[PDB]
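Chains, contacts and geometry: an overview
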Amino acid sequence: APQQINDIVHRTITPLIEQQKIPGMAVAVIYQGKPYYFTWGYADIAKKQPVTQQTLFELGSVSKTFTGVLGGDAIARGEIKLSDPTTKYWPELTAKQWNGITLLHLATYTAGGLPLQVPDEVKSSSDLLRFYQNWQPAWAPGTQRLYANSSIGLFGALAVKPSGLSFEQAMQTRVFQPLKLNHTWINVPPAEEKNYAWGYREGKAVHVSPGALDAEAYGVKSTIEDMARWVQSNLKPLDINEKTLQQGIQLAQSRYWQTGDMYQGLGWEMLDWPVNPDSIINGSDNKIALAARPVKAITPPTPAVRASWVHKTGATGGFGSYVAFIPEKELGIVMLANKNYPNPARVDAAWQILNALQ
Ligand SMILES: O=C(O)c1cccs1
Ligand SMILES: O=C(O)c1cccs1
Ligand SMILES: O=C(O)c1cccs1
Ligand SMILES: O=C(O)c1cccs1
Ligand SMILES: O=C(O)c1cccs1
Ligand SMILES: O=C(O)c1cccs1
């Protein structure tokens, strides 16, 4: 690799791993259409398996970027519209609070205060109807952003209905296959368990538990190589041969709402480049708190802006993830770790790395 990339990465991540006590980590720097990969430590501490470029990490909420792009692809295929009422795709959702609630609202956490998690007690389709029917919004739709797996989760399940496919089958055939993401899974197959890192929470090996709408919200597992290939796809969507996917990518990085310096996409979140990293490390958008934030409608949404810092953070109980990229500079980073560690620390490291290379 270029020494500059070697040097800044090792100098940023090595202290990070020490301070946060991360068992294993994988990083990709994507620069001018080329990836550069770094690994540290252990996928499996007990079996002394090292992190490699084929190690699978749980992405957590970075999964939502796939969901965003899959939904944007369904839009480009003419199957759904973000302006459509939720009840168009789920007519059994007859409770009156759902009047005015669109697929845009679900996709961007603006439905009016959908809760962070689908409850664990929700298992069947009947349970899921019951849960959504019985939810009472705090706010009118399109007024406040509150981050929620139950919001974008439902968006993901409804977006694929007209296709005829299960979410998993739609994602595989429409996003993973076309982009050649061959080591990216919603369900890790027995053949790949050898590559699947354990997460560590309080020093215990853990994997993400099954739950309603897990695939759509936090359930994707991937390797650093496939994740770099994902960053490259989102950095240069016009290089993509499949027209509805290329368009779906652009729809996912479009700006639908503003709060402070952040713009809400479909899965992806954006700031204007150059960025002052204080809001995303120290201030209102550092993700420490679950934050109800009034939003300004971007009417109509701004098409994907090249001069953006585009990012998404994710966690499961055992894992911490981060992806950020600047299409203008043809520059991106993926950071995958098998311990959940504070988001500000993730963003601080990413910023130091990309600010130095840009
Ligand atoms: O105005 C409305 O639709 C609402 C106010 C509070 C919950 S929904
Ligand atoms: O796998 C590949 O060719 C690439 C991943 C990121 C940029 S190019
Ligand atoms: O985007 C947000 O507000 C959050 C992501 C994770 C916790 S809060
Ligand atoms: O800049 C503005 O007017 C607003 C940001 C968030 C709600 S309104
Ligand atoms: O090339 C472009 O216009 C873009 C790449 C990513 C968002 S817009
Ligand atoms: O089991 C886990 O780690 C999680 C379940 C839902 C979000 S993370």
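For this deposition, the record names X-ray crystallography as the technique by which the model was determined and cites 2.100 Å as its resolution.

Empty space among the atoms can be located by rolling a probe the size of a water molecule over them. Its volume calculated, the second largest pocket comes out at about 390 Å³. Forming the boundary of the second largest pocket are 18 residues, of which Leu179, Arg229, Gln232, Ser233 and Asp239 lie nearest the centre. Counting only elements with at least two residues in the lining of the second largest pocket, the list comes to β2 (34-44), α7 (167-179) and α9 (224-235). Take the lining of the second largest pocket: its biggest share by element is 5 residues, from α9. Residues of the lining of the second largest pocket, tallied by class, amount to 7 nonpolar, 4 polar and 7 charged.

A word on the pairing of strand β15 (residues 308-315). Along β15, 7 of the 8 residues are buried, which leaves the element largely enclosed by surrounding structure. Where strand β12 (residues 269-272) lies against β15, 4 bridges are found, and the strand directions are antiparallel. Bridge pairing in β15 links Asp272 to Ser308. Summarising the sheet, β15 and strand β16 (residues 320-326) pair through 6 bridges and their orientation is antiparallel. Looking at the pairing, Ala315 lines up with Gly320 of β16. Hairpin connection of β15 to β16: 4 residues between the antiparallel strands.

A few words now on the sheet that holds strand β11 (residues 262-264). An order of β3-β2-β1-β17-β16-β15-β12-β11-β10-β14 is seen for the 10 strands of this open sheet, with the pairing classed as antiparallel. What marks the edges here is a single partner per strand, and that holds for β3 (49-50) and β14 (296-302).

This part takes up the environment of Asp44. Its location among the elements puts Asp44 in strand β2. Looking at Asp44, the relative accessible area reads 12%, which means it is buried. Between the C-alpha atoms of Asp44 and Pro23, which are 21 residues apart in sequence, the distance is 8.4 Å. The contact partners of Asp44, leaving out residues within four places of it in the chain, are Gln49, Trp198 and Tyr200. Of note is the side chain of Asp44, whose polar atom sits 3.1 Å from the backbone nitrogen of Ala46.

The next subject is unusual backbone geometry. In the segment running from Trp273 into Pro274, the intervening peptide bond is cis, with an omega of -5 degrees. Looking along the chain, the bond that leaves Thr299 and enters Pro300 is cis, with omega of -5 degrees. Residue placement: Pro300 occurs in strand β14. Its identity as a non-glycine residue notwithstanding, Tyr109 has a phi of 65 degrees, on the positive side. Its location among the elements puts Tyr109 in the loop between α4 (103-107) and α5 (125-134).

Sites flagged by UniProt as "active site" map to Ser61. In this fold, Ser61 is placed in the loop between β4 (57-58) and α2 (63-76). Excluding anything up to four places from it in sequence, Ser61 contacts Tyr147, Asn149, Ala217, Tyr218, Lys312, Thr313, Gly314 and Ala315.

A few words now on the environment of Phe325. With respect to the element layout, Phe325 can be found in strand β16. Taking the C-alpha atoms as reference, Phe325 lies 6.5 Å from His311; in sequence the two are 14 residues apart. Not counting the four nearest positions on each side in its chain, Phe325 is found in contact with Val231, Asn234, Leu235, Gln253, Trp268, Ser308, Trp309, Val310, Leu331 and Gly332.

Let's shift gears to the UniProt feature "binding site: a beta-lactam" in the protein. Summarizing the sequence annotation, UniProt attributes the feature "binding site: a beta-lactam" to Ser61, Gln117, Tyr147, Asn149, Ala315 and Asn340 in the numbering used throughout. Among the polar contacts made by the side chain of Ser61, one reaches the side chain of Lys64 at a distance of 2.7 Å. When you line up the elements, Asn149 lands in helix α6 (residues 149-159). What makes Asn149 buried here is its relative accessible area of 12%. Those residues in contact with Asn149 that sit more than four places away from it in its chain are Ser61, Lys64, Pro115, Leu116, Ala217 and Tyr218. Within the structure, the side chain of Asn149 is placed 2.7 Å from the side chain of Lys64, a separation counted as a polar contact.

What counts, and at which threshold
Residues numbered from 1 in each chain as written, not as in the entry; some residues may be left out. Chains lettered and ligands numbered in written order. Heavy atoms only, no water. 1 Å grid on protein atoms, 1.4 Å probe; cavity = no way out; pocket = protein on both sides within 12 Å on 5 of 7 lines; lining within 4 Å. Points joined across faces, edges and corners; volume = space filled by probe spheres on them. Helix = DSSP H or I, 4+ residues; strand = E, 2+ residues; numbered from the N terminus. Nonpolar A, V, L, I, M, F, W, Y, C, P; charged D, E, K, R; others polar. Buried < 20%, exposed > 50% of the residue type's maximum accessible area, 1.4 Å probe, protein only. Pairing = 2+ DSSP bridges. Contact = heavy atoms within 4.5 Å. Polar contact = N/O pair within 3.5 Å; in protein donor to acceptor, adjacent residues only side chain to side chain. UniProt positions renumbered as here; feature names shortened; annotations may be inferred.

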